[PDB]
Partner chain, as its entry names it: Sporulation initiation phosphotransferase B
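Only one chain is included here, represented as structure tokens and corresponding to the form deposited without the partner chain.
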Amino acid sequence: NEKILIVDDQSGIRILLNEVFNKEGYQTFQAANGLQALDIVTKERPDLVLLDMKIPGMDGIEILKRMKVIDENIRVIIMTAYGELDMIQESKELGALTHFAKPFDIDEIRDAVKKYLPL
């Protein structure tokens, strides 16, 4: 039973992604901000997190940090705006697997997670 947590403030996109990986066979979870995200990491200890780095009021790099502390075994793929070098460098230093810019290529994300989190 492999777990993926999808963190994104936009319901449309979040639900979209959740279904993509649910159809793939993964056990999925959803969060709209960092606090819920942190909550689920704690109670569910998901294997992989798709982290939207642009959520109002949320410091992306910080939630990454916290997630790593709560569970240093969790791997993360960050989702950015079509940009940011410092953010990427910081997430790389923290162990982030890779990053994808929005709007994203569904097939690309899909292939990426099956590669980093085979079923």
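Residue numbers count along the first chain shown, from 1.
Taking the deposited Cα B-factors for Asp47, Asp52, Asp86, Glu44, the highest one is held by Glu44. In the deposited entry, the Cα temperature factor of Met79 places it in the lowest third of its chain's modelled residues. Ranked within its chain, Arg14 lands in the middle third, by CA B factor from the PDB record.
When the modelled residues of the chain are ordered by C-alpha B-factor, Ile40 sits in the middle third.
When the CA B factors of the chain's modelled residues are split into thirds, the value for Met58 lands in the highest one. The PDB entry assigns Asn73 a C-alpha temperature factor belonging to the highest third of its chain's modelled residues.
Below, we turn to the form solved in complex with the partner chain, even though it does not appear here.
For the candidate spot formed by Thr80, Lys102 and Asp105, every residue has a non-hydrogen atom within 4.5 angstroms of the partner chain in the entry with it bound. Proximity of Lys54 to the partner chain in the entry with it bound: non-hydrogen atoms within 4.5 Å are present.
Of the heavy atoms in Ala32, some are within 4.5 Å of the partner chain in the entry with it bound.
By the criterion of a heavy atom within 4.5 Å, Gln27 is excluded from the residues contacting the partner chain in the entry with it bound. In the entry with it bound, the partner chain lies within 4.5 Å of some heavy atom of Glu84. Contact with the partner chain in the entry with it bound, judged as any non-hydrogen atom within 4.5 angstroms, is confined among 54 to 62, 70 to 78, 41 to 49, 89 to 97 to 54 to 62.
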